[PDB]
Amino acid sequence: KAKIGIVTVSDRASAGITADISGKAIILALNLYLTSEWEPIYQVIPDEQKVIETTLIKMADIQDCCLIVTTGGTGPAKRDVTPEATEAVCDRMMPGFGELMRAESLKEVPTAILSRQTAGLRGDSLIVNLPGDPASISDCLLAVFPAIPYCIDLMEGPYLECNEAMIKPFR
C-alpha cells in the first residue's frame, strides 16, 4: 500500500473552534486523482514550529509517507511558521514547487507574493506546503501534482496510479 500525510496547521482548528475544511479539501482532492490504494495519515496541530517539525518527521521517517502535504501558516504573519519548519526537517529543497505555485495564484491575486510556501525532501519523502483557503488548495495541488507521482518513482517509492479524467501525470 501507500501512505500520504495531510497536516493542517491551525491554532483555531487544533483547539476545536473551527472545522478543518482545508484538510478535508486536500483529502477530497487526493481521493480524486488517485485510483490506487492509499492510506491518509492526517493530523491537526497548532502554529508551533517545534510541533510541526516533529509531525513532519513522524510521518516521513516513522510512518513512511511518500508524500506529505501541509496547509496553513505560510504567510507573513508572526505566527505563520510552517515553511521554517519545512526547511529544518528537509535535507534538500525543491524550489520549483514554490516558484510555480506562486506564478499560478499570482495571476488572479497579487498577494501571491506574500506567500512563503516551499517544498523539500526528507530521505524518500516529499513535503509540499499549501495555503489555508480551499479554493487555492485545489489550484495549487492541481498545478504541482502532475510531477509528484514521477518524483516519488525517482525516490523508489510507491507507484501512484491516476484517474486520467481528474488529472494526468507526466512520466
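Don't overthink the numbering: it's just position in the shown sequence, from 1.
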- Note on the structure: Higher of the two mean Cα B-factors (62-70, 101-109; per PDB record) comes from 101-109
- Going by the recorded CA B-factors, say which third of the chain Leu154 sits in, lowest, middle or highest. middle
- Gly132: CA B-factor among chain residues, third -> highest
- Note on the structure: The third of the chain into which the C-alpha temperature factor of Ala147 falls is the lowest
- Item | Third of chain Cα B-factors occupied by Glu39 | highest
- Third of the chain, ranked by Cα B-factor, where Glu48 sits: middle
